[PDB]
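Listed next as structure tokens is one chain, alone, in the form deposited in one PDB entry.
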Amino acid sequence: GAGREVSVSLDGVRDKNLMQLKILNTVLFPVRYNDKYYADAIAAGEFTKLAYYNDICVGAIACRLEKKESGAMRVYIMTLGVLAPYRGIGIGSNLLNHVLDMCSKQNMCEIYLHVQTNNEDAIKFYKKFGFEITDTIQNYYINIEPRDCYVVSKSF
């Protein structure tokens, strides 16, 4: 796959490199994220990563974990993004494949994410990995248009 054939290095997110994630998020997403987002992303440990290409931080995947009463793990992908000059060369796939590999180590894992309903490019990207649109939430986002999201998910 495309993620297996790009020279990328992944690093975990910690307090010492948190500013890199904050800059990426400021550029990539119109949603403003607060301290709870950053605490959740760090607490997801191996599921949250920064991506480095040509020794520059160019993307990230940030997750939030929840343990269900069944004992199964639910993984939320909170954010996934790659800086525009470095898109289309496998970095997003590398980040997502890393999370999918971490999920395969937890039995009966399920993964959920939210995507704006007009983000046709991202929807196509996720469908390649086996994700499906399973729901729509009206008025999910406050200030952007459209305000609706798809809930996109994959079960293991």
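Only residues modelled in both forms are compared. When you see a residue number, it is the position in the sequence shown, counting from 1. Rigid core (definition): largest C-alpha set, two forms, superposition within 1.5 Å.
Just so you know, the form deposited in another entry exists too; it's not on screen, but the next bit is about it.
A displacement of less than 2 angstroms separates the C-alpha positions of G12 between this form and the one not shown, with the rigid core held in common. When two forms of a protein are overlaid on their rigid core, residues whose CA moves 2 Å or more are considered shifted, and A43 is not one of them between this form and the one not shown. Once both forms are fitted on their core, a CA shift of 2 Å or more is seen for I144 between this form and the one not shown. In summary, the C-alpha positions of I142 and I61 converge in the other entry, ending up at least 3 angstroms nearer each other than in this conformation. Between the C-alpha atoms of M108 and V13, a gap narrowed by no less than 3 Å is obtained in the other entry, as opposed to the form on display.
Superposition on the rigid core leaves 67 to 72, 106 to 108, 141 to 146 as the runs of at least three consecutive shared residues whose Cα positions differ by 2 Å or more between this form and the one not shown.
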